[PDB]
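Q: Enclosed are the sequence and the experimentally obtained structure.
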Amino acid sequence: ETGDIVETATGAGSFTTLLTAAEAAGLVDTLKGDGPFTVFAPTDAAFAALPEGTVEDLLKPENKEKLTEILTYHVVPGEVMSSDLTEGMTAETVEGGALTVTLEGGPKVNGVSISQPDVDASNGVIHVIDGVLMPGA
């Protein structure tokens with residue numbers, strides 16, 4: 001595979017409402033355009049977790065435009081998470097924000113759970129959130 005995070009736009013079956021915008025929001029040059037990059041990619045079932053209006057917002061073409069703006073707080077630089085180091089640390093977003101990262105007692109980031117604790121992406125790092133964690137959206 002090539003593109004890894006960004007190439008999702010090509011397929012996007014599970015991340016069709018989100019990670020398709022990885023390439024298509026102009027994040028392609030960002031995520032695949034360097035090397036190690038870690039993004040909290042929520043699954044199709046995660047949008048079904050908060051389907052009140054968030055999935056509608058994130059289904060609206062409006063969101064990928066602001067994703068262009070807000071990518072930096074959803075994109076974390078190429079650094080290996082607690083699965084390598086130790087659980088119970090703060091991870092910094094490219095925007096410039098430190099979030100809560102702990103696996104012991106429940107893999108939770110900033111108060112949202114990584115219910116499907118993945119990690120090993122092709123170029124970077126993949127973690128499936130069951131919720132959302134960003135400035136506003």
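A: Yes, it's here. Residues are numbered from 1 along each chain as shown.
Q: tell me the contacts of the one residue sitting closest to the centre of the chain?
A: Closest residue to the average C-alpha location of the chain: residue 40 at 2.1 Å, with Cα atoms, centre = their mean. Listed by Cβ atoms under 8 Å, 6 or more residues apart in numbering, the contact set of residue 40 reads 74, 109, 112, 114, 127, 128, 129, 133. Bear in mind the C-beta positions are built from the backbone N, C-alpha and C, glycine included.
Q: Take those and keep only those in strands.
A: Of the positions in those, 109, 112, 127 sit in strands, assigned by DSSP state E.
Q: okay if I get these as a markdown table plus distance to residue 4 and neighbour count?
A: Formatted as a markdown table, the ones in strands among the contacts of residue 40 follow (distance: Cβ to Cβ, whole Å; neighbours: other Cβ atoms under 10 Å):
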| residue | distance to residue 4 | neighbour count |
| --- | --- | --- |
| 109 | 20 | 22 |
| 112 | 23 | 18 |
| 127 | 14 | 22 |
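Q: Who does the residue nearest to the centre of the chain form a beta bridge with?
A: residue 127 (DSSP bridges).
Q: That one and residue 112: what is the separation?
A: From residue 40 across to residue 112, the span is 8 Å (Cβ to Cβ, to the nearest Å).
Q: what does residue 95 give?
A: Where residue 112 is concerned, residue 95 sits at a distance of 17 Å (Cβ to Cβ).
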